[PDB]
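In what follows, residues are counted from 1 in the order of the sequence shown. Just the heavy atoms: all of them, side chains too, but no hydrogens, waters or symmetry mates, feed the values below.
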Amino acid sequence: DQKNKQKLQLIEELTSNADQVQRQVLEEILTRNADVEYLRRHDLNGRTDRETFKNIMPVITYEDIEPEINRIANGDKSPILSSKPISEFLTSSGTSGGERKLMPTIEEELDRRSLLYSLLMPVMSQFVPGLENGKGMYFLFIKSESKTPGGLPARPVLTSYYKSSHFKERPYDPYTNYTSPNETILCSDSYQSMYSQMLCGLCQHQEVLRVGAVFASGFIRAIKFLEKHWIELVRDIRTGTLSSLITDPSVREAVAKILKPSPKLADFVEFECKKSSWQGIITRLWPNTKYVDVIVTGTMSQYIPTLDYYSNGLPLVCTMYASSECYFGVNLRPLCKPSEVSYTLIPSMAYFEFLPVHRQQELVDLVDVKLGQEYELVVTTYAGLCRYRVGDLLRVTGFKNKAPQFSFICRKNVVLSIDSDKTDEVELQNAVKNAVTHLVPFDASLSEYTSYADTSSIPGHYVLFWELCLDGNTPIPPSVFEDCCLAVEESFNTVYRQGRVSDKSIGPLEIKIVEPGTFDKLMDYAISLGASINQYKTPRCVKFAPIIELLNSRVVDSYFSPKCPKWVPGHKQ
Ligand SMILES: Nc1ncnc2c1ncn2[C@@H]1O[C@H](COP(=O)(O)O)[C@@H](O)[C@H]1O
Ligand SMILES: O=C(O)Cc1c[nH]c2ccccc12
């Protein structure tokens with residue numbers, strides 16, 4: 001019987017009693033945090049009931065509780081948001097004033113993250129058999145850490161999770177037996193982390209029954225890493241000796257238990273990697289792979305054709321929906337189509353509310369959301385976030401017993417995204433305005449521009465299309481356009497700049513100069529589909545393949561900066 005059946009029954013119990021669980025969660029939070037400064041400031045006066053909470057407590061954004069956050073981050077240890085000690089800040093990919101948002105968490109929250117993860121394979125065991133008889137090849141990575149002036153860790157939620165006893169000291173689980181040893185995941189050197197993970201995956205290739213990464217982008221980068229380094233990898237496999245470039249002793253102690261001299265495997269890997277076409281290479285190097293486990297909902301959907309290419313059309317699986325401030329839900333139907341993914345929110349994670357979005361107690365509870373209606377996700381967490389707006393838009397597609405299921409629509413205001421980076425229109429506009437100052441000495445200027453997330457390169461990069469207006473009589477040298485590139489990048493927020501400098505999840509920004517009349521063609525094309533002259537601006541971003549092919553066909557010159565933007569871990573202040 002055991003675990004799977006119990007976990008599946010737990011899902012039944014939680015979703016059949018969703019409203020009661022939601023109530024018990026809110027009651028527990030307000031009872032614990034009854035005396036914290038934030039609740040007392042709003043005069044909640046020790047009350048714990050739903051009606052009081054919804055009538056009294058305001059619906060907030062990050063900027064609303066930043067003074068509380070800063071105070072805690074500066075070392076104020078009084079109960080301001082939470083009665084249990086804030087153990088760390090989980091730095092979100094979402095920003096504020098260019099800097100990562102600091103999400104308070106408490107130690108207890110790891111239990112709830114682990115509960116969520118423990119649901120995944122029992123759910124999957126209903127759709128794909130035999131996964132306990134083999135391994136999963138996942139490429140998992142830690143990121144830069146930082147510390148608040150008061151001494152609290154500030155780091156991404158997965159970096160926090162991987163380094164915790166819940167992952168680093170976890171027991172052997174046959175349904176989640178990874179090819180990557182903990183030492184290779186927890187390696188601070190990102191090159192060594194990637195190389196050793198790729199090697200271990202190759203060494204255990206016949207046992208691999210599934211592959212992936214947290215994000216589509218992450219898995220694509222691992223494939224590209226093999227494209228560049230397979231010769232070194234084949235040499236390691238052939239001789240049974242790990243590359244001396246791997247200097248980390250914990251790494252390589254771990255590899256040494258896995259790596260054995262095997263010219264037969266080396267010949268096999270060489271054979272496949274030598275081939276000019278890498279179409280379907282996943283199903284050749286790892287022939288027992290049943291699916292690809294990566295997020296391809298949200299902006300990550302742009303990577304579907306790339307994964308399909310390398311996998312020869314294996315099923316793409318989206319298992320979960322979660323964030324820094326709170327873990328949310330699970331896909332109860334993982335082998336569905338990527339366009340039909342819905343996430344069932346787990347009612348014991350947090351108190352969930354929903355702000356209706358239309359094309360006086362305003363909020364609607366989890367069980368009262370309406371089929372087909374769009375909402376903004378609003379959360380009340382154990383660490384003291386009260387009715388915080390996530391910025392995620394969701395649509396109800398159905399119900400699991402009493403618990404609703406949501407397709408993910410978007411994170412609000414995201415224009416450009418390659419990996420976890422999110423660039424909005426204001427950021428983009430500001431960035432382009434800082435870069436055009438470089439065209440002033442040449443008495444040139446920008447007439448019009450647009451952008452796209454270029455996925456043809458690994459890692460992806462931002463592309464800007466620039467149509468200039470030249471009034472002077474001196475050509476602009478490549479060095480100045482390269483200055484323009486860098487200037488754009490320097491104006492982007494810290495997550496973008498971290499992706500460029502530290503995580504290598506983003507390639508150099510490219511500016512493509514297009515010939516005169518190019519954006520005229522765009523408009524003409526934009527009217528043949530969708531034809532509103534009155535309401536027409538050249539869009540800040542484009543995404544439709546024929547439009548992009550049109551713009552690329554009219555490129556006169558392109559430029560990247562050889563330089564990287566500034567980046568320093570932690571908040572500016
Ligand atoms: N499965 C998913 N599909 C689409 N977007 C997601 C998914 N999981 C997380 N996200 C987005 O990433 C955010 C979490 O980012 P972070 O706070 O940095 O972990 C969420 O609030 C969503 O906007
Ligand atoms: O930065 C990280 O690695 C944590 C993270 C960022 N976006 C996420 C979405 C799903 C679960 C974890 C994360």
- Would you tell me whether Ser502 and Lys143 have side-chain atoms, one donor and one acceptor, within less than 3.5 Å of each other? no
- Query: Hey, are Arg113 and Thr105 close enough side-chain-wise for a donor-acceptor pair under 3.5 Å?
  - Reply: yes
Per-pair distances, 0.1 Å, donor-acceptor, side chain in residues 223-231, under 3.5 Å, sequence neighbours excluded:
| from | atom 1 | to | atom 2 | distance (Å) |
| --- | --- | --- | --- | --- |
| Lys224 | NZ | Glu227 | OE2 | 3.0 |
| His229 | ND1 | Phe225 | O | 3.2 |

- Task: Please tell me if the side chains of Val390 and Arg411 come closer than 4.5 Å, counting only heavy atoms from C-beta onward.
- Result: yes
- Query: Given the rule in the side chain to side chain contact (heavy atoms under 4.5 Å, CB included) test, do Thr179 and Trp286 qualify, once you have shown the distances and angles that lead to the verdict?
  - Reply: CA-CA 12 Å; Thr179 58; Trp286 301 281; over 6 Å; no
- Would a 4.5 Å heavy-atom cut-off, applied to side chains only, mark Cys469 and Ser445 as touching? yes
- Query: Cut-off 3.5 Å, side chains only: do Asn312 and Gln279 have a donor facing an acceptor?
  - Reply: yes
- Message: What I want to check is whether the side chains of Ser491 and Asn434 have a donor and an acceptor closer together than 3.5 Å.
- Response: yes
- Note on the structure: Residues pairing under side chain to side chain donor-acceptor pair (under 3.5 Å) where one sits in residues 313-326, two or more places apart or in two chains, turn out to be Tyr321-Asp392, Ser323-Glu325
- Step through the shown structure and confirm whether more than 12 heavy atoms of other residues, nucleotides or ligands are within 6.0 Å of NZ on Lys566. no
- Query: Between the side chains of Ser144 and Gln498, is a donor N or O closer than 3.5 angstrom to an acceptor N or O?
  - Reply: no
- Query: Going by atom types alone, do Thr538 and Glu448 pair a side-chain donor with an acceptor below 3.5 Å?
  - Reply: yes
- Message: Restricting to non-hydrogen atoms, name the atom on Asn74 and the atom on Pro149 that form the minimum distance, rounded to 0.1 Å.
- Response: OD1-CG, 3.7 Å
- Is there a donor-acceptor contact under 3.5 Å linking the side chains of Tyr462 and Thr423? yes
- Note on the structure: CG of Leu393 to CD of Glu376, rounded to nearest 0.5 Å, is 6.0 Å
- Could you tell me whether the side chain of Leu285 reaches within less than 4.5 Å of the side chain of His205, counting heavy atoms only? no
- Item | Any donor-acceptor N or O pair under 3.5 Å, side chains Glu510, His461 | yes
- Query: Given side chains that start at C-beta, do those of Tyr162 and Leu186 come closer than 4.5 Å, heavy atoms only?
  - Reply: yes
- Assess the side chains of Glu549 and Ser553: does a donor N or O sit below 3.5 Å from an acceptor N or O? no
- Query: Within a reach of under 6.0 Å around CZ of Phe271, are more than 12 heavy atoms found that belong to other residues, nucleotides or ligands?
  - Reply: no
- Task: Using a cut-off of 6.0 Å, state whether more than 12 heavy atoms not belonging to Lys521 lie near its atom NZ.
- Result: no
- Query: Taking all non-hydrogen atoms of both residues, which atom of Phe406 and which atom of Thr397 are closest, and how far apart?
  - Reply: N-OG1, 4.3 Å
